[PDB]
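Shown next: upload.cif, given as mmCIF, C-alpha atoms and all ligand atoms.
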data_coords
loop_
_atom_site.label_atom_id
_atom_site.label_comp_id
_atom_site.auth_asym_id
_atom_site.auth_seq_id
_atom_site.Cartn_x
_atom_site.Cartn_y
_atom_site.Cartn_z
CA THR A 1 166.01 68.13 -55.25
CA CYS A 2 166.34 67.16 -51.52
CA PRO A 3 165.36 70.04 -49.31
CA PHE A 4 167.80 71.27 -46.66
CA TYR A 5 165.37 70.50 -43.80
CA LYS A 6 165.81 66.71 -44.65
CA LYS A 7 169.58 66.73 -44.31
CA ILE A 8 171.58 66.38 -40.97
CA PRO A 9 174.75 68.57 -41.20
CA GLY A 10 178.06 67.00 -40.20
CA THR A 11 176.86 63.58 -41.09
CA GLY A 12 176.18 61.38 -44.09
CA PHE A 13 172.51 61.25 -43.02
CA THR A 14 169.10 62.11 -44.38
CA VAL A 15 165.63 61.77 -42.78
CA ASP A 16 162.49 60.79 -44.70
CA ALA A 17 164.27 61.44 -48.07
CA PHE A 18 163.47 58.49 -50.35
CA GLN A 19 161.83 60.29 -53.36
CA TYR A 20 164.91 62.24 -54.68
CA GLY A 21 166.96 59.30 -56.10
CA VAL A 22 170.53 58.85 -54.90
CA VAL A 23 171.18 61.74 -52.57
CA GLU A 24 174.80 62.85 -53.04
CA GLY A 25 176.80 62.29 -49.88
CA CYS A 26 174.23 60.05 -48.12
CA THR A 27 175.57 56.94 -46.40
CA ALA A 28 172.48 56.15 -44.27
CA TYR A 29 168.73 56.95 -44.92
CA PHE A 30 166.60 57.15 -41.77
CA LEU A 31 162.81 56.61 -41.85
CA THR A 32 160.83 58.08 -38.89
CA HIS A 33 157.51 56.21 -39.59
CA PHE A 34 155.48 54.31 -42.12
CA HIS A 35 153.29 57.16 -43.62
CA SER A 36 153.31 57.53 -47.42
CA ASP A 37 154.56 61.19 -47.63
CA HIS A 38 157.61 60.02 -45.62
CA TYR A 39 158.43 56.61 -47.23
CA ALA A 40 157.57 57.86 -50.84
CA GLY A 41 160.18 56.23 -53.08
CA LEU A 42 161.02 53.00 -51.17
CA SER A 43 160.41 49.63 -52.87
CA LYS A 44 162.09 46.14 -53.28
CA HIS A 45 164.73 47.74 -55.60
CA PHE A 46 166.14 50.02 -52.87
CA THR A 47 169.81 49.03 -52.12
CA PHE A 48 171.03 51.51 -49.43
CA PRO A 49 170.92 51.01 -45.62
CA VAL A 50 167.56 52.14 -44.05
CA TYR A 51 167.55 52.81 -40.34
CA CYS A 52 164.20 52.67 -38.43
CA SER A 53 162.22 51.11 -35.60
CA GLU A 54 161.43 47.36 -35.45
CA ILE A 55 157.77 48.02 -36.33
CA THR A 56 158.64 50.24 -39.30
CA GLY A 57 161.06 47.57 -40.45
CA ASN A 58 158.27 44.88 -40.31
CA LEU A 59 156.12 47.10 -42.59
CA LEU A 60 159.03 47.82 -45.05
CA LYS A 61 159.70 43.98 -45.40
CA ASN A 62 155.98 42.89 -45.64
CA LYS A 63 154.18 45.75 -47.36
CA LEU A 64 156.86 47.32 -49.59
CA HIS A 65 159.06 44.12 -49.99
CA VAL A 66 162.25 45.87 -49.15
CA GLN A 67 164.94 43.14 -48.81
CA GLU A 68 165.99 42.19 -45.34
CA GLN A 69 169.69 42.80 -45.92
CA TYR A 70 169.05 46.61 -46.25
CA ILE A 71 166.70 46.99 -43.18
CA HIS A 72 168.46 48.06 -40.01
CA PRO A 73 166.00 48.13 -37.09
CA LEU A 74 167.16 49.81 -33.84
CA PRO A 75 165.75 49.37 -30.34
CA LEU A 76 164.22 52.38 -28.65
CA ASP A 77 165.84 54.34 -25.72
CA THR A 78 169.25 52.83 -26.52
CA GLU A 79 172.55 54.47 -27.53
CA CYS A 80 173.59 53.04 -30.94
CA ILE A 81 176.51 53.86 -33.31
CA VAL A 82 175.65 54.35 -36.99
CA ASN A 83 178.50 55.06 -39.42
CA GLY A 84 180.57 56.51 -36.61
CA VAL A 85 177.85 58.68 -35.03
CA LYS A 86 175.89 58.10 -31.74
CA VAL A 87 172.08 58.05 -32.27
CA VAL A 88 169.01 57.28 -30.09
CA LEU A 89 165.44 56.57 -31.22
CA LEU A 90 162.64 57.86 -28.94
CA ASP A 91 158.88 57.19 -29.06
CA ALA A 92 157.16 60.01 -31.00
CA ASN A 93 153.54 59.40 -29.70
CA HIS A 94 152.37 59.40 -33.38
CA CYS A 95 151.38 56.08 -35.12
CA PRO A 96 152.79 52.60 -34.34
CA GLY A 97 156.58 52.44 -34.80
CA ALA A 98 156.98 56.23 -35.14
CA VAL A 99 160.22 57.67 -33.67
CA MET A 100 162.09 60.89 -32.98
CA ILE A 101 165.86 60.70 -33.63
CA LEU A 102 168.64 62.21 -31.39
CA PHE A 103 171.98 62.75 -33.22
CA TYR A 104 175.19 63.42 -31.20
CA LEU A 105 177.52 65.07 -33.81
CA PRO A 106 181.26 64.52 -33.68
CA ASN A 107 181.85 68.24 -33.00
CA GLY A 108 179.56 68.29 -29.85
CA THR A 109 176.32 69.57 -31.41
CA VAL A 110 173.17 67.68 -30.39
CA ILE A 111 170.23 67.60 -32.93
CA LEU A 112 166.64 66.32 -32.26
CA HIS A 113 164.49 65.43 -35.34
CA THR A 114 160.93 64.95 -34.13
CA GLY A 115 159.63 63.23 -37.23
CA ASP A 116 155.83 63.49 -36.89
CA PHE A 117 154.92 63.67 -33.12
CA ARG A 118 152.27 64.54 -30.59
CA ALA A 119 154.21 66.29 -27.80
CA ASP A 120 153.55 65.03 -24.28
CA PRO A 121 154.89 65.98 -20.78
CA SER A 122 156.14 62.36 -20.52
CA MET A 123 158.86 63.27 -23.08
CA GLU A 124 160.34 65.67 -20.45
CA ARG A 125 161.52 62.49 -18.56
CA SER A 126 163.02 60.61 -21.48
CA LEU A 127 166.75 60.68 -22.48
CA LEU A 128 166.05 64.25 -23.68
CA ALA A 129 166.34 65.40 -20.02
CA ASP A 130 170.05 64.33 -19.84
CA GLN A 131 171.73 66.92 -22.13
CA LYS A 132 171.27 70.19 -24.01
CA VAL A 133 169.80 70.07 -27.55
CA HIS A 134 171.09 72.76 -29.87
CA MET A 135 168.98 72.29 -33.06
CA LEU A 136 165.31 71.07 -33.34
CA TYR A 137 163.79 69.76 -36.63
CA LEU A 138 160.14 70.27 -35.59
CA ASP A 139 156.77 68.82 -36.75
CA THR A 140 154.89 72.14 -37.12
CA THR A 141 151.64 70.68 -38.61
CA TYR A 142 149.36 72.62 -36.18
CA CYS A 143 151.62 75.60 -35.30
CA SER A 144 148.85 78.26 -34.90
CA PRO A 145 146.78 79.07 -31.83
CA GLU A 146 143.43 78.17 -33.40
CA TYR A 147 144.44 74.53 -33.26
CA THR A 148 142.93 73.19 -30.09
CA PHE A 149 141.69 69.67 -29.71
CA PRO A 150 140.89 67.39 -26.72
CA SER A 151 143.02 64.66 -25.22
CA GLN A 152 142.95 61.26 -27.02
CA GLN A 153 141.44 59.78 -23.81
CA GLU A 154 138.41 62.29 -23.91
CA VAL A 155 137.82 61.45 -27.61
CA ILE A 156 137.91 57.62 -27.01
CA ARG A 157 135.50 57.98 -24.05
CA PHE A 158 133.08 59.88 -26.36
CA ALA A 159 133.36 57.21 -29.07
CA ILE A 160 132.92 54.19 -26.69
CA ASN A 161 129.88 55.81 -24.95
CA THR A 162 128.24 56.70 -28.35
CA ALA A 163 128.76 53.24 -29.88
CA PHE A 164 127.64 51.27 -26.74
CA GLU A 165 124.46 53.42 -26.43
CA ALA A 166 123.53 53.00 -30.14
CA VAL A 167 124.06 49.23 -30.36
CA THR A 168 122.31 48.54 -26.99
CA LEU A 169 119.27 50.54 -28.31
CA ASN A 170 119.45 48.67 -31.65
CA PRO A 171 121.26 45.30 -31.71
CA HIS A 172 120.92 45.31 -35.48
CA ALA A 173 123.10 48.46 -35.87
CA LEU A 174 126.56 48.13 -37.52
CA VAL A 175 129.53 50.34 -36.48
CA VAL A 176 131.91 51.43 -39.31
CA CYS A 177 135.25 53.20 -38.79
CA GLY A 178 137.28 54.84 -41.66
CA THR A 179 141.05 54.37 -42.17
CA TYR A 180 143.71 55.08 -44.93
CA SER A 181 146.97 54.68 -43.11
CA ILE A 182 148.34 53.17 -39.94
CA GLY A 183 147.58 55.18 -36.79
CA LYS A 184 144.48 55.80 -34.67
CA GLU A 185 143.94 52.05 -34.02
CA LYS A 186 142.62 52.88 -30.49
CA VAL A 187 139.39 54.23 -32.09
CA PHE A 188 138.23 50.93 -33.61
CA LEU A 189 139.88 48.66 -30.96
CA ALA A 190 138.20 50.48 -28.03
CA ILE A 191 134.79 50.40 -29.70
CA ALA A 192 135.07 46.61 -30.54
CA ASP A 193 136.15 45.89 -26.93
CA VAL A 194 133.03 47.62 -25.39
CA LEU A 195 130.77 45.70 -27.83
CA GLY A 196 132.32 42.25 -27.37
CA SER A 197 133.25 41.93 -31.03
CA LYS A 198 136.35 41.57 -33.23
CA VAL A 199 137.05 44.18 -35.83
CA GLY A 200 136.40 43.04 -39.39
CA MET A 201 138.53 44.29 -42.31
CA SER A 202 140.10 43.46 -45.68
CA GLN A 203 142.95 41.06 -46.07
CA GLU A 204 145.32 43.99 -47.01
CA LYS A 205 144.45 45.92 -43.79
CA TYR A 206 144.68 42.77 -41.64
CA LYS A 207 148.19 42.11 -43.00
CA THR A 208 149.24 45.69 -42.12
CA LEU A 209 147.93 45.40 -38.54
CA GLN A 210 149.73 42.06 -38.08
CA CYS A 211 153.10 43.99 -38.50
CA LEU A 212 152.46 46.31 -35.52
CA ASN A 213 153.40 44.29 -32.34
CA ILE A 214 150.10 45.13 -30.69
CA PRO A 215 149.51 42.73 -27.72
CA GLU A 216 146.81 40.13 -28.06
CA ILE A 217 146.02 41.28 -31.66
CA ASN A 218 144.85 37.81 -32.85
CA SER A 219 142.10 38.18 -30.18
CA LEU A 220 140.93 41.60 -31.52
CA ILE A 221 140.80 41.58 -35.36
CA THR A 222 139.51 39.32 -38.21
CA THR A 223 138.96 38.99 -41.95
CA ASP A 224 135.54 37.32 -41.37
CA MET A 225 133.24 40.29 -41.76
CA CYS A 226 130.09 38.22 -41.08
CA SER A 227 131.11 37.46 -37.52
CA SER A 228 132.01 41.11 -36.69
CA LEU A 229 129.84 44.14 -35.85
CA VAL A 230 132.65 46.73 -36.14
CA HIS A 231 133.89 47.07 -39.78
CA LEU A 232 136.84 49.04 -41.13
CA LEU A 233 136.53 50.67 -44.55
CA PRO A 234 138.68 53.06 -46.57
CA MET A 235 138.24 56.66 -45.46
CA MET A 236 136.93 57.59 -48.95
CA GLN A 237 133.93 55.26 -48.45
CA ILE A 238 132.73 57.13 -45.24
CA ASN A 239 129.90 59.02 -46.89
CA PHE A 240 126.18 58.34 -47.40
CA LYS A 241 126.50 56.64 -50.84
CA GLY A 242 129.41 54.46 -49.75
CA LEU A 243 127.76 53.44 -46.52
CA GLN A 244 124.33 52.65 -48.14
CA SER A 245 126.25 50.42 -50.54
CA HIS A 246 128.06 48.59 -47.77
CA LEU A 247 124.76 48.07 -45.87
CA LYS A 248 123.36 46.34 -49.02
CA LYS A 249 126.36 43.94 -48.91
CA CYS A 250 125.60 42.72 -45.40
CA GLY A 251 122.57 40.64 -46.54
CA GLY A 252 119.94 42.11 -44.22
CA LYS A 253 121.91 41.41 -41.01
CA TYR A 254 121.85 45.12 -40.23
CA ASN A 255 119.34 47.96 -40.60
CA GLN A 256 121.36 51.03 -39.31
CA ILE A 257 125.00 52.29 -39.59
CA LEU A 258 126.83 54.44 -37.08
CA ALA A 259 130.17 55.56 -38.72
CA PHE A 260 133.26 57.37 -37.40
CA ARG A 261 135.69 59.60 -39.36
CA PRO A 262 138.72 60.31 -37.07
CA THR A 263 139.75 63.65 -38.66
CA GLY A 264 142.69 65.55 -37.05
CA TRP A 265 141.34 69.13 -36.91
CA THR A 266 138.10 70.53 -38.32
CA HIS A 267 137.02 74.29 -37.53
CA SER A 268 134.04 72.96 -35.57
CA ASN A 269 136.98 72.92 -32.92
CA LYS A 270 137.02 76.76 -32.48
CA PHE A 271 133.41 76.79 -31.18
CA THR A 272 132.20 73.37 -30.02
CA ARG A 273 133.23 71.05 -27.07
CA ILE A 274 133.63 67.20 -27.47
CA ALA A 275 130.56 66.65 -25.30
CA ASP A 276 128.62 68.73 -27.85
CA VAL A 277 129.60 66.86 -31.10
CA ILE A 278 126.68 65.71 -33.27
CA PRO A 279 126.57 63.57 -36.41
CA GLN A 280 125.45 64.17 -39.98
CA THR A 281 122.40 61.91 -40.56
CA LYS A 282 120.49 60.68 -43.60
CA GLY A 283 117.86 58.00 -43.09
CA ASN A 284 119.31 55.10 -41.04
CA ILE A 285 122.98 56.35 -41.51
CA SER A 286 124.78 58.66 -38.99
CA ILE A 287 128.43 59.92 -39.47
CA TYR A 288 130.51 61.37 -36.62
CA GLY A 289 133.68 63.38 -37.29
CA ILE A 290 135.76 62.96 -34.12
CA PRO A 291 138.91 65.13 -33.50
CA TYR A 292 141.36 62.35 -32.76
CA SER A 293 144.85 63.77 -33.43
CA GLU A 294 148.29 62.15 -33.66
CA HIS A 295 150.02 65.53 -33.95
CA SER A 296 150.73 68.21 -31.26
CA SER A 297 148.16 70.89 -30.58
CA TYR A 298 149.52 74.42 -30.59
CA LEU A 299 149.73 74.50 -26.75
CA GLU A 300 151.39 70.99 -26.51
CA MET A 301 154.00 72.12 -29.15
CA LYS A 302 154.70 75.39 -27.32
CA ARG A 303 155.16 73.64 -23.91
CA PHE A 304 157.63 71.14 -25.42
CA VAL A 305 159.69 73.76 -27.18
CA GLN A 306 159.74 76.16 -24.07
CA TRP A 307 160.97 73.13 -21.99
CA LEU A 308 163.65 72.02 -24.51
CA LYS A 309 165.01 75.57 -25.12
CA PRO A 310 166.72 74.85 -28.48
CA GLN A 311 169.15 77.39 -30.02
CA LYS A 312 167.71 77.00 -33.49
CA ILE A 313 164.31 75.61 -34.86
CA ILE A 314 163.93 74.17 -38.37
CA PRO A 315 160.25 73.53 -39.30
CA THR A 316 159.48 70.37 -41.35
CA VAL A 317 155.75 71.06 -42.10
CA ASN A 318 153.97 74.07 -43.75
CA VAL A 319 157.35 75.20 -45.27
CA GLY A 320 156.03 75.76 -48.84
CA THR A 321 154.60 79.30 -48.43
CA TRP A 322 156.19 82.55 -47.27
CA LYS A 323 153.11 83.40 -45.19
CA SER A 324 153.28 80.11 -43.30
CA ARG A 325 156.99 80.40 -42.74
CA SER A 326 156.72 83.96 -41.43
CA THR A 327 153.78 83.02 -39.13
CA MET A 328 155.77 80.12 -37.61
CA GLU A 329 158.94 82.25 -37.07
CA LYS A 330 156.84 84.89 -35.20
CA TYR A 331 155.53 82.23 -32.77
CA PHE A 332 159.03 80.81 -32.22
CA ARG A 333 160.23 84.32 -31.21
CA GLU A 334 157.29 84.90 -28.91
CA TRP A 335 158.00 81.61 -27.17
CA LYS A 336 161.71 82.41 -26.72
CA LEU A 337 160.97 85.91 -25.30
CA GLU A 338 158.29 84.62 -22.91
CA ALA A 339 160.55 81.84 -21.50
CA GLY A 340 163.88 83.71 -21.53
CA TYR A 341 166.16 81.46 -23.59
NI NI B 1 152.71 60.93 -40.11
#

Transcribe the structure of this file into structure tokens.
Amino acid sequence: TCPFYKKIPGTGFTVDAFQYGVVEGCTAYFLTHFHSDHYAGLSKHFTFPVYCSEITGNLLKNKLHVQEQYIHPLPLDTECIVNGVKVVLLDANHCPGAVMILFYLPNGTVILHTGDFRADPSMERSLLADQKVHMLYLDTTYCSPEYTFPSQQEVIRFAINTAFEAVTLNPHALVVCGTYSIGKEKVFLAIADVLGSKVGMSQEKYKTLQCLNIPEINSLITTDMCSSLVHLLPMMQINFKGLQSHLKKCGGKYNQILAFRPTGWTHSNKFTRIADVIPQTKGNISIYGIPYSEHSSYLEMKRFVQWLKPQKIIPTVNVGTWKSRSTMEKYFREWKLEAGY
């Protein structure tokens, strides 16, 4: 049954609740972003109103074949009325088209649902600055102090520098980047830009990227693998057997692979700096795991929450175990005592 942390009290609304059938009392289903754990259940047979960003709506129409008449895209940073209730969508700094949702309840309560987000000080100058928020539905994916990772900019500099050095040493090296969902497009786009190449990929992945409103995209990506020296493959194929196999397919054009796996966190993070990251190598194949995250680190999360000063926090991630829940509630209390709210 639909969990309470997916329902918005005082409304007919749910958030990211498409796998429970017809939710009793729901007049409008919101979708924060196009990741499978959140859209699970949507298809061309869905006949209730879905509210989302323009980009999410492009993906629902083209990838899932949801019919147009049920897709209700909203502009960002704009006050809109849905079924009698004021709402605003804000950029969540997650994957393309990902939003946070502000609900202004008829009784005066203000609720922020973060969806999935990577908290940033730029959010402290959005429409959140303009009123008090009482209840926070929080993406707690990395809510423990061990979770440190570098800025996205530090990680992309590492990747660009590594790829440019390798391919300038060996012009017959191929760069491969793993993917299994939208998000993290900067990794492969920044590497292709430094090398003067388009990114090559499957027809299914090309179609997905063509839904994302990325500027100048026709100039950056392609389905002609033979003309490209950056290839995208499924994440599952980023291992020595998979990569050896792909190298065979390229008809002797290449004699080395340098591959990237953009993991979120890996416990190499508690000891090692980005400057110090090294690959796993076998023969003429090297694999780098790079800590590119689209979720808040512990410290980014804590700064956002201590700024916002909500009256009540409802976690949306790691809620299935008592140990996790109790850990998270302890940190919430520390933060509140340290800041004084
Ligand atoms: Ni997500």

Subject >> Contacts with ligand NI 1 (chain B) at most 12 Å, all atoms listed in the file counted, listed as number ranges by chain >> reply: A: 16, 31-39, 92-100, 114-118, 139-141, 180-184, 264, 293-296, 316-317

Dump C-alpha atoms for the selected residues as a PDB file, in the coordinates of the input?
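Once everything was written out, this is result_30.pdb:
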ATOM      1  CA  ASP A  16     162.490  60.790 -44.700  1.00  0.00           C
ATOM      2  CA  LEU A  31     162.810  56.610 -41.850  1.00  0.00           C
ATOM      3  CA  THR A  32     160.830  58.080 -38.890  1.00  0.00           C
ATOM      4  CA  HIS A  33     157.510  56.210 -39.590  1.00  0.00           C
ATOM      5  CA  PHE A  34     155.480  54.310 -42.120  1.00  0.00           C
ATOM      6  CA  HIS A  35     153.290  57.160 -43.620  1.00  0.00           C
ATOM      7  CA  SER A  36     153.310  57.530 -47.420  1.00  0.00           C
ATOM      8  CA  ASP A  37     154.560  61.190 -47.630  1.00  0.00           C
ATOM      9  CA  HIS A  38     157.610  60.020 -45.620  1.00  0.00           C
ATOM     10  CA  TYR A  39     158.430  56.610 -47.230  1.00  0.00           C
ATOM     11  CA  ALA A  92     157.160  60.010 -31.000  1.00  0.00           C
ATOM     12  CA  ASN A  93     153.540  59.400 -29.700  1.00  0.00           C
ATOM     13  CA  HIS A  94     152.370  59.400 -33.380  1.00  0.00           C
ATOM     14  CA  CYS A  95     151.380  56.080 -35.120  1.00  0.00           C
ATOM     15  CA  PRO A  96     152.790  52.600 -34.340  1.00  0.00           C
ATOM     16  CA  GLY A  97     156.580  52.440 -34.800  1.00  0.00           C
ATOM     17  CA  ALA A  98     156.980  56.230 -35.140  1.00  0.00           C
ATOM     18  CA  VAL A  99     160.220  57.670 -33.670  1.00  0.00           C
ATOM     19  CA  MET A 100     162.090  60.890 -32.980  1.00  0.00           C
ATOM     20  CA  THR A 114     160.930  64.950 -34.130  1.00  0.00           C
ATOM     21  CA  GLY A 115     159.630  63.230 -37.230  1.00  0.00           C
ATOM     22  CA  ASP A 116     155.830  63.490 -36.890  1.00  0.00           C
ATOM     23  CA  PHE A 117     154.920  63.670 -33.120  1.00  0.00           C
ATOM     24  CA  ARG A 118     152.270  64.540 -30.590  1.00  0.00           C
ATOM     25  CA  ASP A 139     156.770  68.820 -36.750  1.00  0.00           C
ATOM     26  CA  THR A 140     154.890  72.140 -37.120  1.00  0.00           C
ATOM     27  CA  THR A 141     151.640  70.680 -38.610  1.00  0.00           C
ATOM     28  CA  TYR A 180     143.710  55.080 -44.930  1.00  0.00           C
ATOM     29  CA  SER A 181     146.970  54.680 -43.110  1.00  0.00           C
ATOM     30  CA  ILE A 182     148.340  53.170 -39.940  1.00  0.00           C
ATOM     31  CA  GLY A 183     147.580  55.180 -36.790  1.00  0.00           C
ATOM     32  CA  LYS A 184     144.480  55.800 -34.670  1.00  0.00           C
ATOM     33  CA  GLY A 264     142.690  65.550 -37.050  1.00  0.00           C
ATOM     34  CA  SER A 293     144.850  63.770 -33.430  1.00  0.00           C
ATOM     35  CA  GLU A 294     148.290  62.150 -33.660  1.00  0.00           C
ATOM     36  CA  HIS A 295     150.020  65.530 -33.950  1.00  0.00           C
ATOM     37  CA  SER A 296     150.730  68.210 -31.260  1.00  0.00           C
ATOM     38  CA  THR A 316     159.480  70.370 -41.350  1.00  0.00           C
ATOM     39  CA  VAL A 317     155.750  71.060 -42.100  1.00  0.00           C
TER      40      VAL A 317
END

**OP:** Determine the nearest neighbour of residue 189 in chain A from the options A:231, A:168, A:154, A:306, counting only C-alpha atoms.
**Re:**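 Going through A:231, A:168, A:154, A:306 one by one, the smallest distance to residue 189 in chain A is for A:231.
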
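In this structure, CA of residue 235 in chain A sits 14.3 Å away from CA of residue 258 in chain A.
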
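Distance-wise, CA of residue 174 in chain A and CA of residue 278 in chain A end up 18.1 Å apart.
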
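The neighbours of range 203-205 of chain A here are the residues that come within 10 Å of it, using only C-alpha atoms and leaving out any residue fewer than 2 positions away in the same chain; they are residues 63, 179, 180, 181, 182, 200, 201, 207, 208, 209, 210, 222, 223, 224, 232, 233 and 234 of chain A.
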
Original post:
Which is closest to residue 76 in chain A among A:218, A:26, A:109, A:126, if we use only C-alpha atoms?
Top reply: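 Of A:218, A:26, A:109, A:126, the one nearest residue 76 in chain A is A:126, counting only C-alpha atoms.
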
**OP:** Find the residues around residue 298 in chain A up to 8 Å (only C-alpha atoms counted), leave out those fewer than 2 positions away in its own chain, and share them as a PyMOL selection string.
**Re:** chain A and resi 142-148+296+300-302

Original post:
Near residue 85 in chain A, within 10 Å and counting only C-alpha atoms, which residues show up once chain neighbours fewer than 4 positions away are dropped, as a list in words?
Top reply: residues 10, 11, 12, 13, 80, 81, 103, 104, 105 and 106 of chain A

Original post:
Looking at A:138, A:217, A:230, A:90, which one is nearest to residue 122 in chain A, with distances taken over all atoms listed in the file?
Top reply: A:90

**OP:** For CA of residue 199 in chain A and CA of residue 178 in chain A, quote the distance in Å rounded to one decimal.
**Re:**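 Interatomic distance, CA of residue 199 in chain A to CA of residue 178 in chain A: 12.2 Å.
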
Original post:
Hey, can you pull every residue with an atom no more than 12 Å from (135.9, 71.2, -35.9), using all atoms listed in the file, and send it as a VMD selection string?
Top reply: chain A and resid 146 to 150 262 to 274 276 to 278 288 to 293

Original post:
Which residues, written as a count of residues only, have at least one atom at most 10 Å from residue 62 in chain A, with only C-alpha atoms counted and residues fewer than 3 positions away on the same chain left out?
Top reply: 10

Original post:
From the set A:197, A:27, A:83, A:162, which residue has the shortest atom-to-atom contact distance to residue 14 in chain A, counting only C-alpha atoms?
Top reply: A:27

Subject >> Residue with smallest distance to residue 48 in chain A - pool A:4, A:21, A:61, A:79, counting all atoms listed in the file >> reply: A:21

Subject >> For residue 315 in chain A, the nearest of the candidates A:249, A:113, A:158, A:125, counting all atoms listed in the file >> reply: A:113

**OP:** Compile the contact shell of residue 283 in chain A as a ChimeraX atom specification: residues with an atom at most 12 Å away, counting only C-alpha atoms, same-chain residues fewer than 2 positions apart removed.
**Re:** /A:240-241,243-244,255-258,280-281,285-287
